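Each chain, letter by letter, is given below.
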Amino acid sequence: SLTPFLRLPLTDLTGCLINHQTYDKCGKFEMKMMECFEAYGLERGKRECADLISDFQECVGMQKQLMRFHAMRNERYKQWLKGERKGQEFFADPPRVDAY
Amino acid sequence: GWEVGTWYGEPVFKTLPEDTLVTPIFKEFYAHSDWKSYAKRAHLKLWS
Amino acid sequence: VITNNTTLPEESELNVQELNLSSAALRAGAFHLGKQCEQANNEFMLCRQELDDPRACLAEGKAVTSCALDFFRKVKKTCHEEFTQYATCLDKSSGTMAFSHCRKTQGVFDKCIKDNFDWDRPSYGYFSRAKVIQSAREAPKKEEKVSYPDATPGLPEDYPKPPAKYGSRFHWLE
Amino acid sequence: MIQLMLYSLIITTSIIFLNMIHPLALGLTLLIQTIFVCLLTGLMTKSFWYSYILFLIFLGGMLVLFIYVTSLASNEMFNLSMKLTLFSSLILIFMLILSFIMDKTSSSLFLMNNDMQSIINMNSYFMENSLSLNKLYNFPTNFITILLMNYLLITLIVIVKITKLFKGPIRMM
Amino acid sequence: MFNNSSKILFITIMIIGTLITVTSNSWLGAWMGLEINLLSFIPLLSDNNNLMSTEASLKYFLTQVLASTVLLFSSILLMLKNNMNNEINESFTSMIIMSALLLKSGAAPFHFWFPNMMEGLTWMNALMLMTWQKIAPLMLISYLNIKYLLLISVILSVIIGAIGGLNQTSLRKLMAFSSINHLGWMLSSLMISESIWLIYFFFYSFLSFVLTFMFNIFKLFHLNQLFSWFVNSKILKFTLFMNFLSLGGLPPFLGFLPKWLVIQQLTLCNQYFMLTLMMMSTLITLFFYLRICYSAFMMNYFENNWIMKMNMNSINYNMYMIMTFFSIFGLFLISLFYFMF
Amino acid sequence: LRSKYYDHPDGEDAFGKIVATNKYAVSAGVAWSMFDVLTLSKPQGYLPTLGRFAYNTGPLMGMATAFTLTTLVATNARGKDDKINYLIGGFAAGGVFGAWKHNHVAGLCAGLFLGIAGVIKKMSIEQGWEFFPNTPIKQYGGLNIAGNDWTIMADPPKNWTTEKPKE
Amino acid sequence: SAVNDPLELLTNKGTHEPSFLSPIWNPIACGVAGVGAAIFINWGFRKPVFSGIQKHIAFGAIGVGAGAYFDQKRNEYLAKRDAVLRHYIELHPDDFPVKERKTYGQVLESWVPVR
Amino acid sequence: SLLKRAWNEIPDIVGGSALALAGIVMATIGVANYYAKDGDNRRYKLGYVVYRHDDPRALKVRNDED
Amino acid sequence: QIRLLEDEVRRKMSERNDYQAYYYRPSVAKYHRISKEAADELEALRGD
Amino acid sequence: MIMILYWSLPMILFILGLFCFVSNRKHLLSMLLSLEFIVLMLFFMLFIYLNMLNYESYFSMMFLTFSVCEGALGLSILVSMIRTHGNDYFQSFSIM
């Protein structure tokens with residue numbers, strides 16, 4: 001998160017606007033990362049928070065997993081269009097509805 | 001170079017402790033399933 | 001996210017006798033069922049909250065389902081007729097399966113269960129309260145604080161501040 | 001599935017919207033799209049509460065600008081563009097064709113619908129919009145709402161001062 | 001704050017709007033403050049006695065609305081990919097935010113609206129636009145760290161800001177092109193530090209605060225009016241116009257100290273080539289300032305003779321004379337200032 | 001397609017250099033051309049609009065190519081990569097400027113403007129300094145940047161310790 | 001001494017005696033500025049320049065008071081500044097290592113023969 | 001007087017404000033009464049809440065009858 | 001000697017931003033753990 | 001790419017909004033018409049991002065409040081336009 005230069009009392013007004021700290025899968029992931037920013041400061045934090053930033057981004061942005069998912073689907077379709085699969089056995093057995 | 005559970009060997013969580021199970025995304029949970037099964041759960045609210 | 005080294009229990013272990021009992025049938029015995037399996041439920045539900053690993057609560061979960069299945073065997077043995085009428089009514093009386101409609105048939109069951117097992121229907125708000133238990137898991141989560149010995153240091157207030165050498169040192173000392 | 005068809009329509013109505021000239025033609029195009037965007041947003045959310053609000057908010061703006069359109073740009077012209085009708089209809093069917101032969105498990109948005117959430121998520125069993133709208137009226141974010149209030153009231157002072165009601169009605173002299 | 005109690009409010013809400021932007025710890029919070037600021041300025045700017053003023057109220061509105069709109073567009077996009085208010089390594093998505101902010105402040109490539117809306121503003125309006133409205137935009141650019149995009153705006157700002165100003169005769173339109181040049185110096189000072197920028201901005205506002213009053217107090221809007229302007233002591237008129245030289249940054253006066261500290265830091269940071277283009281282009285800016293001084297430095301003129309008397313407001317003039325005095329003798333007080341060390 | 005001019009010694013990789021310079025020739029041409037066709041010339045019709053794009057960009061490509069060829073040709077012909085080469089290069093592009101503007105004088109004088117421009121660029125390459133270097137000093141505060149805070153809300157307790165960890 | 005210790009270089013010793021005009025230049029400069037500013041105001045209004053000396057005394061008095069206050073704060077800022085540098089040197093003794101002081105005997109640099 | 005003029009001109013704003021003023025009053029009673037009962041600690045909790053016997057909250061369990 | 005050292009020192013601070021003097025941007029996490037507090041406060045109140 | 005499968009459509013729609021805001025239409029209202037078109041698309045993206053958060057959609061109200069005020073203020077300026085020029089045509093304004 002940004003650092004206002006001013007930091008007058010007004011920043012208290014809009015500071016808590018958007019966060020992840022309210023019942024989120026990434027609440028703990030961000031607190032560690034952002035804490036590390038507070039410890040090392042902003043500019044130096046960007047060079048010491050390699051793991052924490054990547055983990056937090058892979059927890060919210062989720063690009064790392066969605067971009068696994070397409071590799072599986074595309075590689076399932078590529079096999080079939082090459083004839084390596086068959087129509088009857090295209091997909092695996094679906095999961096049970098009462099799950100996840 | 002595909003490794004199961006990672007993007008070509010890159011773990012999708014570096015900081016996490018060992019054997020730290022993480023619930024995958026809904027879509028990833030259905031990565032190997034037809035659209036029918038997917039829609040049977042995600043659209044129960046809307047009813048199609 | 002699941003990889004080879006992540007350890008999931010084998011399929012055989014996850015297999016266990018299940019209820020497979022519909023919603024209305026479950027809601028019928030809810031109040032009498034709850035008073036019995038509370039010890040297992042709280043033990044199971046407590047770990048699941050503190051510890052959010054499904055495989056870790058695997059042992060406790062089997063206790064919860066066993067208690068539920070244990071309860072209905074008793075009901076099947078004695079009040080089979082009554083319980084079916086209560087469930088049938090509760091199912092076919094409203095779209096929500098509200099208890100407020102079927103008070104009559106409910107009474108029939110409650111008298112059957114208290115004549116055969118001397119149990120009592122808990123008060124309406126009994127299960128909505130906070131339930132404090134004696135943790136048999138005995139492993140309440142620990143507490144720690146992260147340490148950064150390399151944090152950007154600042155000037156401490158105890159540091160003495162003598163006058164600057166030759167002042168401003170700007171151009172012509174101004 | 002209709003999500004893709006919603007994608008096609010919102011695209012289609014946007015192409016024509018770039019080509020409208022008559023203000024009411026713009027308005028009709030915009031009104032149709034406000035329906036779809038409102039519909040589409042609720043697909044990827046735990047509730048449609050915001051679609052109701054957005055729809056209600058914009059309809060207020062829809063009426064008002066007709067009142068001014070009918071006073072300022074009353075006398076203007078339409079022109080059916082056979083290039084446009086074919087082009088939109090051509091792509092529209094083209095887009096609709098794809099949505100039938102699309103791997104529409106891949107096209108679905110990853111945002112977690114209410115049903116997409118797990119069964120264990122205890123916070124998903126409350127009222128449909130309890131938690132989400134909650135901290136709009138709790139410390140410290142409540143002061144933002146309060147700040148709007150002055151902002152809205154102070155706005156209400158701006159319009160009357162810009163408007164200068166007493167110096168007459170509005171006509172397209 | 002000139003006519004009614006309502007004008008008093010809009011001024012304050014402008015202050016609150018600007019403060020919310022520069023005290024906000026996230027893009028979204030910052031964007032809100034811009035909206036607050038937007039409607040605080042328009043009613044101050046719109047007056048129906050002038051056909052020109054309402055046109056000014058328009059061009060500003062369409063420009064600012066687009067700027068905030070595109071600004072919010074990129075900010076959403078920025079944290080759609082990074083999930084943070086900050087980008088680890090600057091890229092195109094951060095450039096787009098910069099482009100909007102420059103247009104929000106009328107930097108060179110997107111300055112066109114800025115002079116073209118100055119025809120129909122009162123002098124007191126121009127001061128609010130020239131000085132205060134440039135706080136919030138420029139202060140957010142300090143967060144973004146793109147060099148070439150920011151660098152390009154500086155080079156074009158000083159050039160377009162100067163060359164355009166030679167051809168004007170309307171002082172309001174002339175000051176706009178003059179302000180574009182000083183804007184160029186800020187952005188140059190902004191890629192190196194802010195404390196220089198905070199210092200440089202304060203001096204820039206100071207000088208503009210002065211020149212605006214002199215025109216505002218005597219209601220001058222065209223170059224010819226300067227020659228026709230009547231003053232009892234041609235020595236007095238001669239000295240009042242010696243503020244333009246400070247606005248030109250000549251060292252004997254206070255107005256150079258700001259330029260001076262921006263060079264002692266740009267040079268310290270090895271940006272030698274930039275200073276050549278900037279300082280060289282400032283001469284052209286210094287030129288048309290002298291064209292104004294034609295009405296003062298020569299000091300016997302052919303003037304219309306149906307005026308013997310000066311009618312001026314006291315308090316404005318009282319504060320203007322104090323400000324002018326430092327604008328000529330303010331250099332020896334550099335000793336006191338301790339914000340550069 | 002992405003070639004950098006100084007990737008190799010001066011008398012080298014002609015095709016690499018021409019691409020590098022024509023890159024900047026096109027970009028500047030289009031950038032100015034966009035202003036020209038909207039703000040100054042304002043042509044009408046989809047065809048003449050291209051003429052302004054070609055007119056402002058075309059010869060500006062000829063200049064860059066001419067400088068590379070003449071600079072490259074001079075580097076081999078004289079037997080040394082020295083400043084006069086870039087000076088010799090500049091006059092070529094200036095000559096193209098006159099042909100573009102149909103003006104004998106404009107081409108000649110502009111060559112000198114371009115000629116001394118190239119010389120200084122070679123000066124930079126040979127001495128080891130840069131025109132727009134990355135700032136070595138970037139200041140993000142005053143002296144008390146970590147002290148001057150005015151916020152009122154009480155900061156709840158900490159969660160990290162500067163002290164060495166305990167175990 | 002033959003050593004070049006940066007911490008020694010920064011550290012003060014009290015030997016330097018600040019000039020006479022140093023503790024009075026900022027007060028006296030502001031005081032004269034205030035009076036002179038008051039002189040314009042009368043001149044601007046075509047009043048006798050020394051009429052209404054009340055305003056002269058106020059501006060002169062206000063100038064001195066402001067000058068002394070800001071001068072007092074200036075030294076704290078300078079005192080703190082060097083304190084920062086001394087502390088930073090102590091934290092990174094490797095980045096500011098002690099260097100030995102060469103003398104011209106052990107160096108051979110060029111000279112410029114004018115001829 | 002004032003009271004009479006409004007009561008004759010716009011009686012609804014007087015009666016309406018009379019009940020509006022009632023809202024603030026009995027809102028001030030209820031809110032104070034709420035913390036006079038420690039109503040933050042509610043005997044019925046949304047969700048399945050389980051405490052450990054040693055947790056500080058486990059002491060504050062509101063003990064009621066039904 | 002002092003203005004060739006002081007200048008040198010400033011470069012090291014800027015090279016690594018490892019001191020809270022000039023080349024350090026205070027990144028405050030205060031507000032988020034205020035939000036976490038508020039969330040915890042509201043967690044207790046839930047219920048009727 | 002993720003951004004192409006999920007965030008492309010709203011962005012392409014947004015730029016089409018801007019190209020309406022700049023095209024040459026006689027009446028000023030054509031700008032206002034396209035103004036809240038863009039706002040409608042900004043809401044759509046902002047609503048994508050806010051939903052990546054589990055419970056943060058409340059900020060949609062904050063955005064909508066500023067949406068109407070710029071439209072409401074945009075409409076007021078048009079009113080003031082009429083009572084000095086008599087009409088809202090773009091070509092009626094002094095080109096400077």
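Residues numbered from 1 in each chain as written, not as in the entry; some residues may be left out. Chains lettered and ligands numbered in written order. Part of a larger assembly, values for the part shown. Heavy atoms only, no water.

Quick note on the threshold: UniProt positions are given in the numbering used here, feature names are shortened, and annotations may be inferred rather than shown by experiment.
Within the PDB entry, the label attached to chain H reads RH45008p, and the organism entered is Drosophila melanogaster. The title field of the PDB entry reads "Drosophila melanogaster complex I in the Active state (Dm1)". One UniProt comment on chain H, placed under Sequence similarities, says "Belongs to the complex I NDUFA3 subunit family."

Naming follows the PDB entry, where chain G appears as NADH dehydrogenase [ubiquinone] 1 subunit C2 of Drosophila melanogaster. Regarding chain G, the UniProt comment filed under Subcellular location (unreviewed entry) reads as follows: "Mitochondrion inner membrane". The record held by UniProt for chain G lists under Function (unreviewed entry) the comment "Accessory subunit of the mitochondrial membrane respiratory chain NADH dehydrogenase (Complex I), that is believed not to be involved in catalysis. Complex I functions in the transfer of electrons from NADH to the respiratory chain. The immediate electron acceptor for the enzyme is believed to be ubiquinone."

## Remarks on a nonpolar patch on the surface
Our working rule: A patch is a set of surface residues, each over 30% in relative accessible area and not in a salt bridge, joined within 9 Å for like charges and within 5 Å for the nonpolar side chains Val, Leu, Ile, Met, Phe, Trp and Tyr. Residue exposure ignores everything except the shown protein chains as possible cover, and the areas themselves are Shrake-Rupley values with a 1.4 Å probe. Take a side-chain nitrogen of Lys or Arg and a carboxyl oxygen of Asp or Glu: if they are within 4 Å of each other, that pair is a salt bridge. A run of H or I in DSSP counts as a helix once it spans at least four residues, and a run of E counts as a strand once it spans at least two, with each numbered from the N terminus.
Together, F112 of chain E together with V26, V30, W32, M34, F35, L38, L40 and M61 of chain F make up an exposed nonpolar region whose accessible area comes to about 840 Å². Considering each element in turn, the nonpolar patch owes the most residues, 7 residues, to helix α1 (residues 14–40) of chain F. Checked against the element boundaries, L38 of chain F lands in helix α1.

## Side note on the UniProt feature "transmembrane region" (unreviewed entry) in chain G
Within this structure's numbering, the places UniProt gives as "transmembrane region" (unreviewed entry) are residues 24–45 of chain G. The span residues 24–45 of chain G shows a helical share of 95% and a strand share of 0%, and its end C-alpha atoms are spaced 32 Å apart.

## Description of the packing of helix α3 (residues 49–72) of chain D against helix α2 (residues 29–52) of chain J
As a reminder of what qualifies: A fitted line through C-alpha atoms serves as each axis, taken over the contacting stretch for helices, and the angle formed by two N-to-C directions is quoted from 0 to 180°. With respect to orientation, any angle under 35 degrees is reported as roughly parallel, any angle over 145 as roughly antiparallel, any angle of 65 to 115 as roughly perpendicular, and every other angle as oblique. We call two residues in contact whenever any of their non-hydrogen atoms come within 4.5 Å of each other. Note that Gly is not counted as nonpolar here; it falls among the polar residues with everything else outside the nonpolar set of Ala, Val, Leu, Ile, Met, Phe, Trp, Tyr, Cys and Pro and the charged set of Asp, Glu, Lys and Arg.
Across the interface, α3 of chain D lies against α2 of chain J with an axial gap of 11 Å and an inter-helix angle of 175 degrees. In terms of orientation, α3 of chain D and α2 of chain J fall into the roughly antiparallel class. Residues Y50, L54, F58, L65, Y68, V69 and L72 of chain D of α3 of chain D form the contact with α2 of chain J, whose participating residues are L29, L32, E36, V39, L40, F43 and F47 of chain J. Across the contact of α3 of chain D with α2 of chain J, the residue classes break down as 13 nonpolar, no polar and 1 charged.

## Describing empty space enclosed by the protein
How we decide: Points on a 1 Å grid over protein atoms alone make up a cavity when a 1.4 Å probe fits among them but cannot get out, and a pocket when they form an open set with protein on both sides within 12 Å along at least five of seven lines; lining residues each have an atom within 4 Å of a point. Grid points are joined across faces, edges and corners, and a volume is the space filled by probe spheres set on the points.
Inspection of every chain in the model, using the stated rule, returns 10 cavities of 30 Å³ or more. Here the largest cavity is characterised by a volume of approximately 210 Å³. Along its surface, the largest cavity is lined by 20 residues, and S1, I18 and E30 of chain A, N85 of chain E together with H32 of chain I are the ones closest to its centre. Split into classes, the residues belonging to the lining of the largest cavity amount to 9 nonpolar, 10 polar and 1 charged. Size it by volume and the second largest cavity reaches roughly 160 Å³. Residue lining of the second largest cavity: 18 residues in total, with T22 of chain A, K135 of chain D together with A38, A39 and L42 of chain I positioned closest to the centre. Grouping the constituent residues of the lining of the second largest cavity by class yields 9 nonpolar, 7 polar and 2 charged.

## Details of the interface of chain C and chain I
Which entries qualify depends on this criterion: The quantity reported as buried area is the accessible area (1.4 Å probe) lost by two parts once they are put together, taken as the sum for both.
Each partner contributes residues to the interface: chain C has 9 residues there, and chain I has 7 residues. Interface of chain C and chain I: buried area, both sides summed, is about 650 Å²; carbon and sulfur atoms make up 56% of it. Looking at the side of chain C facing chain I, the largest losses of area belong to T152, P153 and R169 of chain C, adding up to 66% of the total buried there. For the pair chain C and chain I, the interface holds 0 salt bridges. Counted by class, the side of chain C that touches chain I contains 4 nonpolar, 3 polar and 2 charged residues.

## Here we look at the pattern of salt bridges
To keep it simple, the criterion reads: Accessibility here uses a 1.4 Å probe with only protein chains present; expressed as a share of the type maximum, an area under 20% marks a residue as buried, one over 50% as exposed, and anything in between as partly exposed.
Scanning the entire structure with this criterion turns up 31 salt bridges over all chains. For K46 of chain A, the salt bridge goes to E43 of chain A, with nearest N and O atoms at 3.5 Å. Of this pair, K46 of chain A and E43 of chain A both sit in helix α3 (residues 42–48), 3 residues apart, which is roughly one turn of the helix. Residue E43 of chain A is classed as buried on the basis of its relative accessible area, which comes to 15%. Taken together, the shared-partner salt bridges in this structure form one network comprising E38 of chain A, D155 of chain F together with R33 of chain I.

## Regarding the interface of chain D and chain J
Each partner contributes residues to the interface: chain D has 67 residues there, and chain J has 51 residues. A combined buried area of about 5,500 Å² lies between chain D and chain J, and 78% of that area is made up of carbon and sulfur atoms. A per-residue breakdown of the area chain D buries against chain J is headed by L18, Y50 and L65 of chain D, which together make up 10% of the total. For the pair chain D and chain J, the number of links is 1 salt bridge. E56 of chain J is the partner of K135 of chain D in a salt bridge, and the nearest nitrogen-oxygen pair spans 3.6 Å.

## Structural notes on the state of the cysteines
Note on terminology: a disulfide is the covalent bond linking the sulfur atoms of two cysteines. Spelled out, the test is: Defined by distance alone, a disulfide is two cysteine sulfur atoms within 2.5 Å.
Scanning the model with the defined rule gives 2 disulfides over all chains in all. Through a disulfide, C79 of chain C is tied to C112 of chain C; the S-S separation comes to 2.0 Å. Here the disulfide of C79 of chain C and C112 of chain C is left-handed, its torsion about the S-S bond being about -100 degrees. Placement of the pair is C79 of chain C in the loop between α4 (58–77) and α5 (80–92) and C112 of chain C in helix α6 (residues 103–116), with a sequence separation of 33 residues. Residue class for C79 of chain C comes out buried when judged on its relative accessible area of 1%. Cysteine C36 of chain A shares no disulfide, and the gap to the nearest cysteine sulfur, in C49 of chain A, comes to 3.3 Å. Accessibility expressed as a relative area gives 2% for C36 of chain A, which makes it buried.

## Remarks on the packing of aromatic side chains
Just so we agree on the cut-off: Classification of ring pairs rests on two measures: the distance between centres of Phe, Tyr or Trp rings, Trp counted by its six-membered ring, which must be within 6.5 Å, and the angle between planes, read as stacked under 30 degrees, edge-to-face over 60 and tilted in between. Comment: the charge-over-ring label is applied if NZ (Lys) or CZ (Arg) is within 6 Å of the ring centre and within 35 degrees of the ring normal.
In the structure shown here, the tally under the stated rule is 82 aromatic pairs over all chains. Judged by centre distance (5.2 Å) and plane angle (65 degrees), the ring pair of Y69 of chain G and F70 of chain G falls under edge-to-face. Through pairs of rings, three or more aromatic residues link up here, namely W123, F215, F218, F221, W229, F241, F244, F288, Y289, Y317 and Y320 of chain E together with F45 of chain G. Over the ring of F29 of chain A we find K32 of chain A; its NZ or CZ atom is 5.0 Å from the centre of that ring.

## As for the side chain of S14 of chain I
Of note, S14 of chain I is situated in helix α1 (residues 2–16). Beyond its immediate sequence surroundings of up to four residues, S14 of chain I is in contact with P136, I137 and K138 of chain F together with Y23 of chain I.

## A closer look at the UniProt feature "transmembrane region" in chain H
According to UniProt, the feature "transmembrane region" maps to residues 13–35 of chain H in the numbering used here. Helix makes up 100% of residues 13–35 of chain H and strand makes up 0%, while its end C-alpha atoms are separated by 33 Å.

## Observations regarding unusual backbone geometry
A cis amide bond links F139 of chain D with the next residue in sequence, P140 of chain D, at an omega value of -5 degrees. Secondary-structure assignment places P140 of chain D in the loop between α4 (82–100) and α5 (142–163). Although it is not a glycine, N270 of chain E sits at a positive phi angle of roughly 70 degrees. Along the chain, the position of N270 of chain E falls in the loop between α14 (256–266) and α15 (272–293). Overall, the relative accessible area of 22% leaves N270 of chain E in the partly exposed class. Positive phi, normally seen in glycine, also occurs at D38 of chain H, with a value near 55 degrees. Among the structural elements, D38 of chain H can be located in the loop between α2 (11–36) and β1 (50–52).

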